[PDB]
Amino acid sequence: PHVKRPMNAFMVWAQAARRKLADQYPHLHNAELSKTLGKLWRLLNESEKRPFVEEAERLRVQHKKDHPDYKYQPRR
DNA sequence: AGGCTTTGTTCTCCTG
DNA sequence: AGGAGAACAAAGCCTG
C-alpha cells in the first residue's frame, strides 16, 4: 500500500473549476485547461482564496490524523 | 502505463 | 546555512 498527497489550495479549487471550464470549452484538453485555470487562480485575491486555503488546511490536518507515521518520500 | 499542463507543499540534494 | 530543482496531488484524453 502507498498513500498519496493531500490536495493544496489550488487543487481543491480546481476540482469544481476544471469541471465548469470543461463544460464551457469542450474542445479543450486538460493541458490547455490547466493553463487557463492558472490565470483564473492568480486572478483571485485573499478573501476569494480563503475558503480553499482553509479547505486545504483541514484536509492537511486530517491527513496527519489519518496517517500519523506518514512521510512524503518522492521517487527519483 | 505516463505525458501533458497548472499551483503549492515538501522532499533531497549540496559549492565556496 | 537555505535555497535551487523536482516529485506529486486532480482531470481525462490518447499512440503502438
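Residues numbered from 1 in each chain as written, not as in the entry; some residues may be left out. Chains lettered and ligands numbered in written order. Heavy atoms only, no water.

For this deposition, the record names X-ray crystallography as the technique by which the model was determined and cites 2.70 Å as its resolution.

Identification of chain A as Transcription factor SOX-9 from Mus musculus is taken from the PDB entry. Listed in the archive, the entry goes by the title "Crystal Structure of HMG domain of the chondrogenesis master regulator, Sox9 in complex with ChIP-Seq identified DNA element".

Thoughts on the pattern of salt bridges
In plain terms, the rule: Salt bridge, as used here: a side-chain nitrogen of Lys or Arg that lies within 4 Å of a carboxyl oxygen of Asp or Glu. Runs of E in the DSSP output that reach at least two residues are strands. Runs of H or I that reach at least four are helices, and both are numbered from the N terminus. Each residue is assigned to one of three classes by its accessible area relative to the maximum for its type, calculated with a 1.4 Å probe on protein chains only: buried under 20%, partly exposed between the two thresholds, exposed over 50%.
The tally for this structure, following the rule as stated, stands at two salt bridges. For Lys35, the salt bridge identified is with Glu32, shortest N-O distance 3.7 Å. Here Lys35 and its partner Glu32 are both found in helix α2 (residues 30-42), three residues apart, which amounts to about one turn of the helix. By relative accessible area, which is 53% here, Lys35 ends up exposed. Residue classification places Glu32 among the partly exposed residues on the basis of a relative accessible area of 38%. A salt bridge links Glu55 to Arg58; its shortest N-O distance comes to 2.6 Å. Taken together, the positions of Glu55 and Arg58, both in helix α3 (residues 46-66) and three residues apart, correspond to about one turn of that helix. In this structure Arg58 comes out as partly exposed when scored by relative accessible area, which is 44%.

Here we look at the protein's contact with DNA strand B
Short version of the rule: Residue proximity to a molecule or strand is established when one non-hydrogen atom of the residue lies within 4 Å of it. Counting of polar contacts relies on pairs of N or O atoms within 3.5 Å, with two restrictions inside protein: one atom must be capable of donating a hydrogen and the other of accepting it, and residues adjacent in sequence are counted only when both atoms are side-chain atoms.
Neighbouring DNA strand B are 16 residues, the closest being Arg5, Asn8, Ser34, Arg42 and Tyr72. Within 4 Å of the protein, the contacting atoms of DNA strand B are 70% sugar and phosphate, with bases supplying the remainder. Between DNA strand B and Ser34, the relevant distance is 2.6 Å, taken from a base oxygen to a side-chain nitrogen or oxygen of the residue. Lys71 places a polar side-chain atom, nitrogen or oxygen, 3.4 Å from a phosphate oxygen of DNA strand B.

Notes on the protein's contact with DNA strand C
As a structural note, the neighbourhood of DNA strand C is formed by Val3, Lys4, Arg5, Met7, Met11, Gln15, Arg18, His29, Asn30, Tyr72, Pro74 and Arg75. In the model, a sugar or linking oxygen of DNA strand C is placed 2.6 Å from a nitrogen or oxygen of the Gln15 side chain. The side chain of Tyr72 places a nitrogen or oxygen atom 2.5 Å from a base nitrogen of DNA strand C. Counting residues per element, the surface near DNA strand C draws most heavily on helix α1 (residues 9-24), which supplies three residues.

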